[PDB]
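Taking it in order: structure first as structure tokens, then the write-up.
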Amino acid sequence: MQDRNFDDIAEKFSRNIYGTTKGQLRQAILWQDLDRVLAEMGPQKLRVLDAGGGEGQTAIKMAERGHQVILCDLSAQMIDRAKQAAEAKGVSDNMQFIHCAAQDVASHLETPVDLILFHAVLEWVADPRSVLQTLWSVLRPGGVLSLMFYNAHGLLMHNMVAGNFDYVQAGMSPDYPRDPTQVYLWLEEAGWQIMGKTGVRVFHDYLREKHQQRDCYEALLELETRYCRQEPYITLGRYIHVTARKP
Amino acid sequence: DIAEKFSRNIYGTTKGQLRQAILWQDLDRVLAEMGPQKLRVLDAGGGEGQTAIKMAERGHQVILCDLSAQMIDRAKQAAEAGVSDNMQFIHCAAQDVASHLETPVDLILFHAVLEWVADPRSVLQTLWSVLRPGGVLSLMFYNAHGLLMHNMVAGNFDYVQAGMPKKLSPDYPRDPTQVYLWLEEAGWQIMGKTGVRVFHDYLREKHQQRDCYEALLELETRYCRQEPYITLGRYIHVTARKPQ
Ligand SMILES: C[S@@+](CC[C@H](N)C(=O)[O-])C[C@H]1O[C@@H](n2cnc3c(N)ncnc32)[C@H](O)[C@@H]1O
Ligand SMILES: C[S@@+](CC[C@H](N)C(=O)[O-])C[C@H]1O[C@@H](n2cnc3c(N)ncnc32)[C@H](O)[C@@H]1O
């Protein structure tokens, strides 16, 4: 074991990360892509649907940028957690909370949307093509889909690094870890045009000394940022964030 | 334990044993596809001859060339220790090998050499030039991506940040996307791509390399010929054919 005391760490004077490093890194990389696409889409405010929004962290941040956000989730508890985190951050006036399945969201919406966030939900649905078609149908032409899905290759790599050989050998963490090649095909089949692909946590989870995730977070973030949009790193991401536009 | 010592060399390293096991899965596959006849095989940059010897043990005529006089001395002395009859030695650069060959060869091994040469495209062309139409090149090169991932996993962030300047350090780890292009533009037909040590070097508990060797070998064998794993190999072994 290595002494991690304050005096030993190169990044000792950098800010600490309040939550989890897995979450902080995920947010950072995701928002690099979201800021890049938002700047592309011009200065006008958007109508954004966050389907399967959970406790609303991303949706609340989206509401902080002025947009009207519609969060949808199957869990009533997630919705109540969301409403409260939103009130706390004084953005209750810029958000909607719909308690329903993403598959049924079209009946709860009045006009189409400009941007849809479907983050970490595709691996939880048994009907992924159908959910994608629902999303495609509530999005305006020219609109964008920000799709972040749990990558089966990341799962395998994580478990091999961790020495969980019996699991990787036998199989049977979400219900349906996805094959990136099949996800891209689903998107292209429906008619979406893929703009970008980013691996989310391409190195972080695989570090031999896990303490470095926190102790060397900034240096790690710089290298994740550098390599996360190149193969093979994209395909080694724990999640893959694909941005796609409807023509 | 019991079965361990009889299936690998316990005096060797797991990195070398795994590398050899995966390489030989591919070589044995190619050798079978090339028909039952015995072959003329050139091992360009064969070093101490570990692989050239295993080839000659399979009964083929093997020709080993190497720039280093010292490597050649070890190869011959290892050959005798008793396959000296199926082998020939040449002290020269692979670039200069043609003059030293009486006739063309059937199979060329160029293992762990491409990352050391300043003229990789030229050397690949020389190898093509001494190979018969329909012959095969077995190319194993040190993979830049595997180096990067190894370093990242190990926490060597400043080294990766700096671009891994050379500081057992090949001068020129290769980009597999570029190597494939080099082969294809030169007329080779790629037959197979295999990552050599796609998990082993990245295990969090390094004791598992030895303690769970056989299980690891199985998992490596299963995933090393598909992406992204190929691209994470410490080496990549590409088999390519010179068109008939
Ligand atoms: C792992 S979480 C991700 C939450 C959030 N989007 C995020 O990025 O942190 C998945 C969320 O999807 C919700 N969920 C699962 N299946 C769903 C579906 N078919 N429709 C809408 N929400 C779903 C869960 O209740 C959960 O809050
Ligand atoms: C790392 S070793 C690999 C030895 C062997 N092929 C193997 O797989 O273990 C590289 C070898 O290539 C030889 N070598 C390097 N450049 C060469 C060249 N241009 N022509 C011939 N041999 C070369 C070196 O002397 C060395 O023995």
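Here, A, B, ... name the chains of the structure tokens in the order displayed, residue numbers run from 1 inside each chain, and ligands are numbered from 1 in the same displayed order.
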Counting only C-alpha atoms, which residues of chain A come no farther than 8 Å from chain B, as a VMD selection string?
-> chain A and resid 153 157 160 to 163 165 169 203 206 to 209 212 219 to 220 223 232 235 to 236
Contact check, chain B to ligand 2, at most 6 Å, counting only C-alpha atoms and all ligand atoms, closest pairs as CSV:
residue,atom,partner,partner_atom_place_in_ligand_line,distance
B:44,CA,ligand 2,21 (C),5.7
B:45,CA,ligand 2,22 (N),3.4
B:46,CA,ligand 2,6 (N),3.9
B:47,CA,ligand 2,27 (O),3.4
B:66,CA,ligand 2,22 (N),3.8
B:67,CA,ligand 2,22 (N),4.3
B:68,CA,ligand 2,25 (O),4.6
B:71,CA,ligand 2,27 (O),5.7
B:93,CA,ligand 2,20 (N),3.5
B:94,CA,ligand 2,20 (N),3.8
B:111,CA,ligand 2,6 (N),4.3
B:112,CA,ligand 2,3 (C),4.7
B:113,CA,ligand 2,10 (C),4.8
B:116,CA,ligand 2,16 (N),6.0
B:117,CA,ligand 2,16 (N),6.0
Fewer than 6 positions away in the same chain doesn't count, so skip those; otherwise give me all residues within 12 Å of region 183-185 of chain B, counting only C-alpha atoms, as a list in words.
-> residues 120, 121, 122, 123, 124, 125, 127, 128, 137, 138, 139, 176, 177, 191, 238, 239, 240, 241, 242 and 243 of chain B
Using the selection just defined, write its residues with N, CA and C atoms as a short mmCIF file (atom, residue, chain, number, x, y, z; two decimals), in the first residue's frame.
data_model
loop_
_atom_site.label_atom_id
_atom_site.label_comp_id
_atom_site.auth_asym_id
_atom_site.auth_seq_id
_atom_site.Cartn_x
_atom_site.Cartn_y
_atom_site.Cartn_z
N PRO B 120 10.30 1.05 -42.30
CA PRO B 120 9.38 -0.11 -42.30
C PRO B 120 8.75 -0.43 -43.62
N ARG B 121 8.36 0.56 -44.39
CA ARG B 121 7.74 0.25 -45.69
C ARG B 121 8.73 -0.39 -46.65
N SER B 122 9.95 0.11 -46.65
CA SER B 122 10.97 -0.46 -47.50
C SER B 122 11.27 -1.90 -47.11
N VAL B 123 11.36 -2.17 -45.81
CA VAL B 123 11.68 -3.54 -45.38
C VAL B 123 10.53 -4.50 -45.74
N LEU B 124 9.27 -4.07 -45.61
CA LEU B 124 8.15 -4.91 -46.00
C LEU B 124 8.23 -5.23 -47.48
N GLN B 125 8.63 -4.24 -48.28
CA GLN B 125 8.78 -4.49 -49.73
C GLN B 125 9.89 -5.52 -50.05
N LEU B 127 10.75 -7.98 -48.13
CA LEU B 127 10.17 -9.27 -47.73
C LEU B 127 9.21 -9.76 -48.83
N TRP B 128 8.40 -8.86 -49.36
CA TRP B 128 7.54 -9.24 -50.50
C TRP B 128 8.36 -9.77 -51.64
N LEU B 137 3.10 -13.86 -45.27
CA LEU B 137 3.84 -13.08 -44.29
C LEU B 137 3.14 -13.15 -42.94
N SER B 138 3.91 -13.53 -41.91
CA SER B 138 3.48 -13.55 -40.52
C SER B 138 4.18 -12.35 -39.87
N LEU B 139 3.43 -11.26 -39.67
CA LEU B 139 3.97 -10.01 -39.17
C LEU B 139 3.49 -9.74 -37.76
N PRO B 176 -1.69 0.22 -35.60
CA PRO B 176 -2.20 -0.84 -36.48
C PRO B 176 -2.97 -0.36 -37.67
N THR B 177 -3.72 0.70 -37.56
CA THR B 177 -4.47 1.23 -38.73
C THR B 177 -3.50 1.62 -39.82
N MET B 191 -5.18 -11.63 -44.19
CA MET B 191 -5.92 -12.86 -43.93
C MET B 191 -6.42 -12.84 -42.52
N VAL B 238 -0.39 -10.07 -37.68
CA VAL B 238 -1.15 -9.98 -38.90
C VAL B 238 -0.59 -11.01 -39.84
N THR B 239 -1.50 -11.78 -40.43
CA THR B 239 -1.11 -12.73 -41.47
C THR B 239 -1.59 -12.17 -42.79
N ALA B 240 -0.71 -12.19 -43.78
CA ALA B 240 -1.03 -11.60 -45.07
C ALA B 240 -0.47 -12.45 -46.18
N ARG B 241 -1.20 -12.46 -47.29
CA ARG B 241 -0.82 -13.27 -48.45
C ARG B 241 -0.37 -12.42 -49.63
N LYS B 242 0.67 -12.88 -50.30
CA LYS B 242 1.13 -12.25 -51.53
C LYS B 242 0.24 -12.93 -52.57
N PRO B 243 -0.60 -12.17 -53.29
CA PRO B 243 -1.47 -12.80 -54.31
C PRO B 243 -0.77 -13.75 -55.30
#
List all protein, DNA and RNA residues that have an atom no more than 9 Å from any atom of ligand 1, counting only C-alpha atoms and all ligand atoms, and report them as a VMD selection string.
-> chain A and resid 23 27 50 to 59 72 to 79 99 to 105 117 to 127 131 148 174
Identify, on the basis of only C-alpha atoms, every residue whose closest approach to residue 244 (chain B) does not exceed 12 Å; exclude the query and any residue fewer than 6 positions from it along the same chain; express the result as a PyMOL selection string.
-> chain B and resi 106+131-136+187-189
Output file for the residues above (N, CA and C atoms, as a PDB file, in the first residue's frame):
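Output saved as part37.pdb:
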ATOM      1  N   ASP B 106       8.431 -19.647 -48.910  1.00  0.00           N
ATOM      2  CA  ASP B 106       6.986 -19.878 -48.847  1.00  0.00           C
ATOM      3  C   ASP B 106       6.303 -19.062 -47.751  1.00  0.00           C
ATOM      4  N   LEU B 131       9.472 -13.466 -51.433  1.00  0.00           N
ATOM      5  CA  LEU B 131       8.401 -14.397 -51.137  1.00  0.00           C
ATOM      6  C   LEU B 131       7.757 -14.852 -52.438  1.00  0.00           C
ATOM      7  N   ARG B 132       7.387 -16.130 -52.536  1.00  0.00           N
ATOM      8  CA  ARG B 132       6.769 -16.605 -53.751  1.00  0.00           C
ATOM      9  C   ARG B 132       5.325 -16.119 -53.853  1.00  0.00           C
ATOM     10  N   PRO B 133       4.788 -16.009 -55.098  1.00  0.00           N
ATOM     11  CA  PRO B 133       3.368 -15.683 -55.262  1.00  0.00           C
ATOM     12  C   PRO B 133       2.597 -16.761 -54.486  1.00  0.00           C
ATOM     13  N   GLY B 134       1.610 -16.331 -53.712  1.00  0.00           N
ATOM     14  CA  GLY B 134       0.815 -17.226 -52.919  1.00  0.00           C
ATOM     15  C   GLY B 134       1.402 -17.449 -51.536  1.00  0.00           C
ATOM     16  N   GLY B 135       2.587 -16.893 -51.272  1.00  0.00           N
ATOM     17  CA  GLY B 135       3.246 -17.047 -49.987  1.00  0.00           C
ATOM     18  C   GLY B 135       2.645 -16.157 -48.930  1.00  0.00           C
ATOM     19  N   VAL B 136       3.052 -16.415 -47.705  1.00  0.00           N
ATOM     20  CA  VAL B 136       2.485 -15.719 -46.559  1.00  0.00           C
ATOM     21  C   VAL B 136       3.505 -15.033 -45.729  1.00  0.00           C
ATOM     22  N   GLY B 187      -0.023  -4.242 -51.788  1.00  0.00           N
ATOM     23  CA  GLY B 187      -0.600  -5.383 -52.504  1.00  0.00           C
ATOM     24  C   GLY B 187      -0.846  -6.648 -51.712  1.00  0.00           C
ATOM     25  N   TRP B 188      -0.529  -6.629 -50.426  1.00  0.00           N
ATOM     26  CA  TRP B 188      -0.785  -7.803 -49.592  1.00  0.00           C
ATOM     27  C   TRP B 188      -2.283  -7.960 -49.347  1.00  0.00           C
ATOM     28  N   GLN B 189      -2.723  -9.208 -49.173  1.00  0.00           N
ATOM     29  CA  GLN B 189      -4.103  -9.530 -48.866  1.00  0.00           C
ATOM     30  C   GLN B 189      -4.123  -9.922 -47.415  1.00  0.00           C
TER      31      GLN B 189
END
Nearest to residue 187 (chain A) among A:14, A:68, A:133, A:44, with distances taken over only C-alpha atoms: which residue is it?
->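 When distances to residue 187 (chain A) are compared using only C-alpha atoms, the smallest one comes from A:133.
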Nearest to residue 94 (chain A): which of A:11, A:71, A:168, A:194 is it, counting only C-alpha atoms?
->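 Among the listed residues, the smallest separation from residue 94 (chain A) belongs to A:71.
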Could you find all residues in region 30-241 of chain B that DSSP calls strand (DSSP E or B) from the backbone, and write them as a VMD selection string?
-> chain B and resid 40 to 44 61 to 65 87 to 90 105 to 111 131 to 143 174 189 to 196 235 to 241
Could you please write out, as a PyMOL selection string, every residue of region 113-188 of chain B that DSSP assigns to alpha helix (DSSP H)?
-> chain B and resi 120-129+144-153+157-161+176-185
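Excluding residue 28 (chain A) and any residue on its chain fewer than 5 positions from it, the residues at most 10 Å away by only C-alpha atoms are residues 23, 33, 34, 200, 221 and 225 of chain A.
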Give me the residues within 9 Å of residue 77 (chain B) as JSON, numbers by chain, counting only C-alpha atoms and dropping any in the same chain fewer than 5 places off.
-> {"B": [48, 72, 84]}
Grab the residues selected above and save them as an mmCIF file, in the first residue's frame with N, CA, C and O atoms.
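Resulting contents of part-v3.cif:
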data_model
loop_
_atom_site.group_PDB
_atom_site.id
_atom_site.type_symbol
_atom_site.label_atom_id
_atom_site.label_comp_id
_atom_site.auth_asym_id
_atom_site.auth_seq_id
_atom_site.Cartn_x
_atom_site.Cartn_y
_atom_site.Cartn_z
ATOM 1 N N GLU B 48 17.269 -14.973 -31.003
ATOM 2 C CA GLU B 48 17.808 -16.215 -30.436
ATOM 3 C C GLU B 48 17.150 -17.465 -31.000
ATOM 4 O O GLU B 48 17.476 -18.570 -30.579
ATOM 5 N N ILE B 72 22.763 -14.521 -33.600
ATOM 6 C CA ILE B 72 22.964 -15.696 -34.412
ATOM 7 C C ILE B 72 23.724 -16.801 -33.664
ATOM 8 O O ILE B 72 23.418 -17.970 -33.845
ATOM 9 N N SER B 84 19.436 -28.590 -35.620
ATOM 10 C CA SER B 84 20.424 -27.871 -36.426
ATOM 11 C C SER B 84 20.371 -28.200 -37.925
ATOM 12 O O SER B 84 20.753 -27.372 -38.746
#
Residue nearest residue 64 (chain B) among B:88, B:51, B:221, B:95 (counting only C-alpha atoms) = B:88
Quick one, how far is CA of residue 8 (chain A) from CA of residue 227 (chain A)?
->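 These atoms are spaced 27.5 Å apart.
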Please identify all polymer residues within 12 Å of residue 60 (chain B), counting only C-alpha atoms, omitting same-chain residues fewer than 2 positions from it, and present them as a PyMOL selection string.
-> chain B and resi 31+36-43+52-58+62-63+83-88+105-107
Can I get the selection written as a PDB file, in the first residue's frame, with N, CA and C atoms?
ATOM      1  N   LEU B  31      -0.172 -22.789 -41.262  1.00  0.00           N
ATOM      2  CA  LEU B  31       0.576 -23.930 -41.749  1.00  0.00           C
ATOM      3  C   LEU B  31      -0.357 -25.013 -42.282  1.00  0.00           C
ATOM      4  N   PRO B  36      -0.148 -29.870 -46.510  1.00  0.00           N
ATOM      5  CA  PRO B  36       0.746 -30.698 -45.735  1.00  0.00           C
ATOM      6  C   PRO B  36       2.208 -30.593 -46.093  1.00  0.00           C
ATOM      7  N   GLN B  37       2.553 -30.102 -47.278  1.00  0.00           N
ATOM      8  CA  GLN B  37       3.967 -30.070 -47.653  1.00  0.00           C
ATOM      9  C   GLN B  37       4.849 -29.253 -46.720  1.00  0.00           C
ATOM     10  N   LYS B  38       6.116 -29.652 -46.614  1.00  0.00           N
ATOM     11  CA  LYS B  38       7.095 -28.914 -45.790  1.00  0.00           C
ATOM     12  C   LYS B  38       7.441 -27.574 -46.446  1.00  0.00           C
ATOM     13  N   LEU B  39       7.755 -26.555 -45.643  1.00  0.00           N
ATOM     14  CA  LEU B  39       8.007 -25.231 -46.188  1.00  0.00           C
ATOM     15  C   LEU B  39       9.415 -24.731 -45.995  1.00  0.00           C
ATOM     16  N   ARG B  40       9.736 -23.723 -46.794  1.00  0.00           N
ATOM     17  CA  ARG B  40      10.965 -22.937 -46.718  1.00  0.00           C
ATOM     18  C   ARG B  40      10.482 -21.677 -46.031  1.00  0.00           C
ATOM     19  N   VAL B  41      11.005 -21.464 -44.841  1.00  0.00           N
ATOM     20  CA  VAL B  41      10.570 -20.348 -43.999  1.00  0.00           C
ATOM     21  C   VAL B  41      11.718 -19.424 -43.655  1.00  0.00           C
ATOM     22  N   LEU B  42      11.529 -18.127 -43.901  1.00  0.00           N
ATOM     23  CA  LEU B  42      12.556 -17.149 -43.556  1.00  0.00           C
ATOM     24  C   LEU B  42      12.148 -16.466 -42.276  1.00  0.00           C
ATOM     25  N   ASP B  43      13.005 -16.501 -41.268  1.00  0.00           N
ATOM     26  CA  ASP B  43      12.741 -15.773 -40.032  1.00  0.00           C
ATOM     27  C   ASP B  43      13.666 -14.562 -40.070  1.00  0.00           C
ATOM     28  N   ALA B  52      11.869 -19.740 -34.560  1.00  0.00           N
ATOM     29  CA  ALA B  52      12.436 -20.425 -35.730  1.00  0.00           C
ATOM     30  C   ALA B  52      12.664 -21.896 -35.407  1.00  0.00           C
ATOM     31  N   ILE B  53      13.072 -22.139 -34.170  1.00  0.00           N
ATOM     32  CA  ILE B  53      13.319 -23.498 -33.698  1.00  0.00           C
ATOM     33  C   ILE B  53      12.027 -24.293 -33.631  1.00  0.00           C
ATOM     34  N   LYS B  54      10.960 -23.677 -33.101  1.00  0.00           N
ATOM     35  CA  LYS B  54       9.670 -24.348 -32.984  1.00  0.00           C
ATOM     36  C   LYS B  54       9.141 -24.660 -34.362  1.00  0.00           C
ATOM     37  N   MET B  55       9.500 -23.819 -35.337  1.00  0.00           N
ATOM     38  CA  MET B  55       9.089 -24.024 -36.712  1.00  0.00           C
ATOM     39  C   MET B  55       9.849 -25.182 -37.279  1.00  0.00           C
ATOM     40  N   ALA B  56      11.151 -25.225 -37.034  1.00  0.00           N
ATOM     41  CA  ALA B  56      11.983 -26.301 -37.534  1.00  0.00           C
ATOM     42  C   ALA B  56      11.613 -27.620 -36.825  1.00  0.00           C
ATOM     43  N   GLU B  57      11.151 -27.537 -35.570  1.00  0.00           N
ATOM     44  CA  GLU B  57      10.704 -28.741 -34.849  1.00  0.00           C
ATOM     45  C   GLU B  57       9.480 -29.346 -35.555  1.00  0.00           C
ATOM     46  N   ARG B  58       8.668 -28.499 -36.192  1.00  0.00           N
ATOM     47  CA  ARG B  58       7.502 -28.943 -36.969  1.00  0.00           C
ATOM     48  C   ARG B  58       7.949 -29.519 -38.332  1.00  0.00           C
ATOM     49  N   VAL B  62      14.048 -23.912 -42.051  1.00  0.00           N
ATOM     50  CA  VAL B  62      14.038 -22.548 -41.564  1.00  0.00           C
ATOM     51  C   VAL B  62      15.368 -21.818 -41.771  1.00  0.00           C
ATOM     52  N   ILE B  63      15.266 -20.593 -42.276  1.00  0.00           N
ATOM     53  CA  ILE B  63      16.400 -19.736 -42.528  1.00  0.00           C
ATOM     54  C   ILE B  63      16.259 -18.527 -41.626  1.00  0.00           C
ATOM     55  N   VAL B  83      17.897 -29.470 -33.637  1.00  0.00           N
ATOM     56  CA  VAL B  83      17.208 -29.254 -34.897  1.00  0.00           C
ATOM     57  C   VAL B  83      18.125 -28.477 -35.844  1.00  0.00           C
ATOM     58  N   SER B  84      19.436 -28.590 -35.620  1.00  0.00           N
ATOM     59  CA  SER B  84      20.424 -27.871 -36.426  1.00  0.00           C
ATOM     60  C   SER B  84      20.371 -28.200 -37.925  1.00  0.00           C
ATOM     61  N   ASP B  85      19.892 -29.394 -38.268  1.00  0.00           N
ATOM     62  CA  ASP B  85      19.786 -29.831 -39.668  1.00  0.00           C
ATOM     63  C   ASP B  85      18.724 -29.098 -40.466  1.00  0.00           C
ATOM     64  N   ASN B  86      17.683 -28.620 -39.790  1.00  0.00           N
ATOM     65  CA  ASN B  86      16.614 -27.922 -40.483  1.00  0.00           C
ATOM     66  C   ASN B  86      16.776 -26.414 -40.382  1.00  0.00           C
ATOM     67  N   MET B  87      18.151 -26.021 -40.178  1.00  0.00           N
ATOM     68  CA  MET B  87      18.193 -24.573 -40.108  1.00  0.00           C
ATOM     69  C   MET B  87      19.478 -24.081 -40.705  1.00  0.00           C
ATOM     70  N   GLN B  88      19.326 -22.827 -41.169  1.00  0.00           N
ATOM     71  CA  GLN B  88      20.366 -22.110 -41.881  1.00  0.00           C
ATOM     72  C   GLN B  88      20.450 -20.725 -41.243  1.00  0.00           C
ATOM     73  N   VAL B 105      11.067 -17.904 -50.869  1.00  0.00           N
ATOM     74  CA  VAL B 105      10.521 -18.664 -49.722  1.00  0.00           C
ATOM     75  C   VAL B 105       8.993 -18.765 -49.749  1.00  0.00           C
ATOM     76  N   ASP B 106       8.431 -19.647 -48.910  1.00  0.00           N
ATOM     77  CA  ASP B 106       6.986 -19.878 -48.847  1.00  0.00           C
ATOM     78  C   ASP B 106       6.303 -19.062 -47.751  1.00  0.00           C
ATOM     79  N   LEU B 107       7.047 -18.831 -46.675  1.00  0.00           N
ATOM     80  CA  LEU B 107       6.537 -18.146 -45.454  1.00  0.00           C
ATOM     81  C   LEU B 107       7.630 -17.332 -44.836  1.00  0.00           C
TER      82      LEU B 107
END
Correct to one decimal, the distance CA of residue 3 (chain B)-CA of residue 78 (chain B) is 25.7 Å
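Picture a line from CA of residue 165 (chain B) to CA of residue 144 (chain B); it runs 11.7 Å.
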